[PDB]
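To begin, one chain is listed below as structure tokens, in the form deposited in one PDB entry.
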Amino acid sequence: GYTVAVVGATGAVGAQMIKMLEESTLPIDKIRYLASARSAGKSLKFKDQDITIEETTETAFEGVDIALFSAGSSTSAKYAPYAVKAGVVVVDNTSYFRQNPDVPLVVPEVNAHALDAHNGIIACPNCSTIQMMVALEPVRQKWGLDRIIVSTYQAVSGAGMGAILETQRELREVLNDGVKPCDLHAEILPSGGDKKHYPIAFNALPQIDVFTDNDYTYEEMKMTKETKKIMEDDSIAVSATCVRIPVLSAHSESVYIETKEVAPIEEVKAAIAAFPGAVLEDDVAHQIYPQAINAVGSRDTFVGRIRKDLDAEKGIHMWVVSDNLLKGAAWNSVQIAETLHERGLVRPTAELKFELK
């Protein structure tokens, strides 16, 4: 079997990567947990086995076959090239390698073929992007895609473990202490790295990540550029508004598309239902539609509210929901690792294409 390393094992995604690996089919002979120096020495479970957390260093990757990175862009930038040098195949959850031409940006149901020519690093797309790709690929295959307009309803777990705890504290201070939401103190959201912080309790924050030069945030721009790479079509127009809402787990998306050819709605529903990873939850007569709370804990992407635009001949609206820590992150990574195993792609890379930092 393989030696599998989890880099960032203590975090929000890291905990779910452990769960996904525990339930995986991957033949694992040895599992290692990697994090920062402050977590080194602490014990963490794998099934009913005790694993000691190690510090992530340049020389900590010898003997490793697969490394699952989920410890922030900074950690992947520094240590992933050393992993590749050690013969590891890296699956990275961070944004750092996503737009590198030598790095496949993969959603297994959409572009597994991109894995074949990998150079030691496979990039997982952004959580908000992934679920959109699963929903839209079956539509693109049959009727094409001209444009996408998306407004997101994103969970706080997307910003990490700290953001969950901040959201929970704030809500308790309003409900238990009677503090007005506008008077709350915040330290993480909307973006930990940014200059100012705002409450999320009873709020909708139209900022995820930091702002770019064109007044869109990096989150919105990631959705644009990642879609183009994943679907291998730069002509697809994509514009996004990414919003954080008071939900702990699971992202929701209001998605508008225009197809190249008129796509009958009942055929659209059937195509999405037949697509691997996508579940049709669409029966308005019985108020059936995807819901954040129902999606939590599931690997599937749930699609509903499918209806044609009231005016645009080729326009379609839909509602897309998936667990941001699973398909949005940890499950997508483990699924990639499983696909790599299937295709005999877990082996050292001879040519090193990534600069050592």
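Residue numbers run from 1 along the displayed sequence. The term rigid core refers to the most C-alpha atoms you can superpose between the two forms while keeping them within 1.5 Å.
This next part talks about the form deposited in another entry, which is not shown.
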- Core-aligned CA displacement of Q335 at least 2 Å between this form and the one not shown: no
- Query: Is it true that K42 shifts between this form and the one not shown by 2 Å or more at the Cα, once the core is aligned?
  - Reply: yes
- Item | C-alpha of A12 off by 2 Å or more between this form and the one not shown on rigid core | yes
